[PDB]
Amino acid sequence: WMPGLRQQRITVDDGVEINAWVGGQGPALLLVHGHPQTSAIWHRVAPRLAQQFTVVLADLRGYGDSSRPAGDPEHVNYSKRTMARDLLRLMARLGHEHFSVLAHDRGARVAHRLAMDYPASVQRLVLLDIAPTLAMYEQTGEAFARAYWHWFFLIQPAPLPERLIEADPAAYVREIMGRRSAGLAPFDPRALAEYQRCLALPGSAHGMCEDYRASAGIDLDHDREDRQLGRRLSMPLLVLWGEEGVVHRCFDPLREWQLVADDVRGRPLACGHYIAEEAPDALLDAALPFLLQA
């Protein structure tokens, strides 16, 4: 489990600490998970990556063992701008002013904003099973709303979605993850246990829901401003999504990324949403060449 990596906490905001697993050697590589998971998602690929990169597997705020800050009416505290600043400062305090990013689900969205807000810090970008949040909400149809129901449940005003999550957090993890195409088969027991332990920490439900609420509000304002002003990702971008997942069925991922990024390459993989755990070898085959030419 995480051979060669040691867990570290770095204060990134006033009363906000980010928990991360740091190890390896070489150029810096920030690994960012999504919902409802933690840095543990990277346990199958992190050893290999650590042979040529200094890997930093970060737990987003509200997730894992990081701080669980309070929400706020406009959802600034869990905006992608704020969470991206969390990760920028994390890498800075660990001595990495320039780094690559490998990200999944919520993390990838954070990474997107990070790469727009601080382009000089992000060398390369690899985003897993996402299309841009703004396009995904704008292009919502019946199929997407049925499958990604949480994108419309978790954004509802507190305390509703929190009631659901906290009534039975372990059941929440199991139903969110096992009702997708691959079921619960691809998840290592230790990893599932981590997701459930961390999801149960106090304040987690509200933090996750605040992330979603911002991504249905203020985050879309920031993304729309970028769109209207012609501001796009400048650095090399690799986008990988699961052929068996909702993103593949309901959107044109590569097209959507070409609209908001200038140097984009990507393709589907023979798996579902949870790429790093369902298809770690395919993920590495597709991403190591790209991240190593950086």
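Residue indices: 1-based, along the sequence shown.
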The stretch carrying the higher mean Cα B factor in the deposited entry, 77 to 85 or 92 to 100, is 92 to 100
Looking only at C-alpha temperature factors in the entry, 128 to 136 or 181 to 189, the higher average sits in 181 to 189
By the entry's values, the third containing the CA B factor of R174 is the highest
Assert third(CA B-factor, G34) within chain per record equals lowest
Entry-reported C-alpha B-factor of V122 relative to its chain, by third, is middle
Tertile call for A270 (CA temperature factor, within chain, third-based) is the middle
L238: C-alpha B-factor third of its chain, per the entry, is the lowest
